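So the structure is just underneath, and the comments pick up after that.
Chains as they are written, first to last, in the deposited numbering: chain Z, 2324 to 2371; chain S, 921 to 968; chain L, 1985 to 2033.
Have a look at this one:
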C-alpha cells in the first residue's frame, strides 16, 4: 500500500487570510490590529 | 439607546459581559429563593 | 497504436514458471525499494521461516 506520495509545499501569509476574510467575518490588516492589541490591554480582531 | 450605538465588536463585548454578570445574579437568586429543598443545591456548582 | 511486442524470452520464463507448478506466483508490487534492501528483508523473512 506504500506509495510514493507527491511531496508538495505551500507558503501561507496570514496577513492575506485576515485581509481576505468575507466582510461578515471582519477582514483586517494584521500588522495594524497587532499594534492596537499590543498597545491596549486587550481586544480581538476578526471572527470565527 | 446606548447599546444600539455600539460597534459590533463592542456589542459582542457587551453581551459577553452582561451574560456573565446575569448568570451570577440569577444563579444566586435561584438558589436562595427558587430552588426546592429536595434538590440539595448549596452552591452554583450543585445548580449545574 | 501498436504495442511493442513482448520480449519472447520473458514470455518463456513466465510460461515455465507457471508450468513448473507453485501457481501462486503473484504479481509483485511496483516497489519503491532497491534490490539490496529488499534482499535483506527477504533474507530475514526466510530465516524466520
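From the three backbone atoms N, C-alpha and C, an ideal C-beta is built for every residue, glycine too.
- Nearest to residue 2337(Z) by C-alpha distance, out of 2361(Z), 2331(Z) and 2354(Z), is 2354(Z).
- Contact between residue 2351(Z) and residue 2328(Z) does not hold, since their C-beta atoms are separated by about 36 angstroms, which reaches or exceeds 8 angstroms.
- In this structure, DSSP gives residue 2028(L) a helical state, which the three-state scheme calls helix.
- Cβ-Cβ separation between residue 2371(Z) and residue 2348(Z): approximately 6 angstroms, consistent with a contact (criterion under 8 angstroms).
- Using a Cβ distance threshold of 8 angstroms, residue 2016(L) and residue 2358(Z) do not count as a contacting pair.
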